[PDB]
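Engineer: I need the structure of the sequence given here:
(chains A and B)
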Amino acid sequence: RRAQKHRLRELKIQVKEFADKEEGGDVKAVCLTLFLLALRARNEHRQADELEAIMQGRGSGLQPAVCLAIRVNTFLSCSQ
DNA sequence: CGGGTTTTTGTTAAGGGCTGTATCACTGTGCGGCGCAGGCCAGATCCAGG
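Structural biologist: Numbering: from 1, shown residues only, chains lettered A, B, ... in the order given. Here you go:
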């Protein structure tokens, strides 16, 4: 991670200086969207669907109201 | 042999937020029996006052 800062510590400046001009400065989703379109150019369409399902909390993860319904409706105590 | 040189990886501390684990007084499994509690009411049942 520290060397992924050391190798991208100029392109990181490029993406934060383009983020404020193109949309306004939203640093997460612009590189997310570049990663989606990079999978499009790399031609994986199911993998990007798993990506957006994760980033909507669907393909795994289990949004915590559903886990609450599972912990409640099967008589599971909190320790179990 | 090792200065140079490019990068890897770390530390520095002020804040923040997510996740992990300790802490607190308590549980239950240590034993058996039974119709019974509460309340209401008609039918005996006793008790002294003549």
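Engineer: which bits of chain A sit near DNA strand B?
Structural biologist: A:2-3, A:5-7 (CB under 7 Å from any atom of the strand). Placement of C-beta: from N, CA and C, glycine included.
Engineer: now with 10 Å?
Structural biologist: For chain A, the residues in contact with DNA strand B (CB under 10 Å from any atom of the strand) are A:1-9, A:64, A:79.
Engineer: Enumerate every residue touching the residue nearest the centre of chain A.
Structural biologist: In chain A, the centroid-proximal residue (CA atoms, centre = their mean) is residue A:55; its distance is 4.7 Å. By CB atoms under 8 Å, 6 or more residues apart in numbering, the contact set of residue A:55 is residue A:32.
Engineer: Distance of it relative to DNA strand B?
Structural biologist: 15 Å (CB to the nearest atom of the strand, to the nearest Å).
Engineer: and the gap between that residue and residue A:72?
Structural biologist: Separation of residue A:55 from residue A:72 (CB to CB, to the nearest Å) stands at 27 Å.
Engineer: The longest helix that chain A contains packs against which elements?
Structural biologist: Assignment by DSSP state H gives helix A:27-41 as the longest helix of chain A. If you count contacts as 3 or more CB pairs under 8 Å, 6 or more residues apart in numbering; DSSP states H and E, helix A:27-41 packs onto helix A:11-22, helix A:45-55.
Engineer: Before I go, just wanted to say thanks for your time.
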